[PDB]
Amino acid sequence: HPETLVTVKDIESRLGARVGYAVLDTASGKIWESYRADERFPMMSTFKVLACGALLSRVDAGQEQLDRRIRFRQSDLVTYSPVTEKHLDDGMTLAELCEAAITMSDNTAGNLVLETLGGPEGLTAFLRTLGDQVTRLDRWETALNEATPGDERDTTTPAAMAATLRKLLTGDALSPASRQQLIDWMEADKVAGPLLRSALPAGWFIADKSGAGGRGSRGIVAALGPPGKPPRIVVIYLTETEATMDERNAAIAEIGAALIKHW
């Protein structure tokens, strides 16, 4: 849509950033709008949706139990672990860890979920079973946020991420209760206030997950739409900028506002 392209090109000029996005209609399976959709961007914490989807896939296959309790130590804590650092003595269930990784973006929680999958290599192998030949996780938290330009480790493309999220969130990669559990966690996202949610019309559905990383990287993945209607997958990444957090937040929100205005 010409509206959105005006917005994104202004962001790229104002902030000096590389911006990419894709909007995928889940009812039709068609890309509704996109920009740099085949370019790579760092996933940052948006990988956590994929990690929890992979865990739920193992649950569905009888290989894993959501109420299994994980015990961990202070030595497992990485930067920004607001939930996991409270449970060094009693541990956490896998459901609680997924909830922490998605709703709070807890970094140790993300690592502990990854561990159940066989690490970044195991998550990448799960993505290949979904037909995603592009997305790759290579490192753990917090090194995966480094976002060195030209480094393809820990990246996706907006088109690849949108297609993979469709399969997880509205497709049949997961059982209906498991798919709804992933949606529930994403609906409960506590750390994406100033992004797509700031543009969302009253009463609309949104399930999302944000990310922030090195070299000004910022991003969000989401399913959103009017209530009771098939949603669209929205993927927005930006990187390589000196822009402030406030400016990067506003950029993503302005793209969302343009998408909403002509939904």
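Position 1 is the first residue in the sequence shown; the rest follow in order.
- Judged by mean Cα B factor in the deposited record, 210-218 ranks above the other of 210-218 and 47-55.
- Higher mean CA B-factor, judged across 250-258 and 6-14 from the recorded values: 6-14.
- Comparing the listed residues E96, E115, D132, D154, the entry records the largest Cα B-factor for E115.
- The residue among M186, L169, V78, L88 whose C-alpha atom has the highest B-factor in the PDB entry is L88.
- The entry lists a Cα temperature factor for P227 that places it in the highest third of the chain's modelled residues.
- In the PDB entry, a CA B factor belonging to the lowest third of its chain's modelled residues is recorded for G110.
- When the modelled residues of the chain are ordered by C-alpha B-factor, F205 sits in the lowest third.
- Ranked by C-alpha B-factor against the other modelled residues of its chain, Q74 falls in the middle third.
- For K30, the recorded CA temperature factor ranks within the highest third of the chain's modelled residues.
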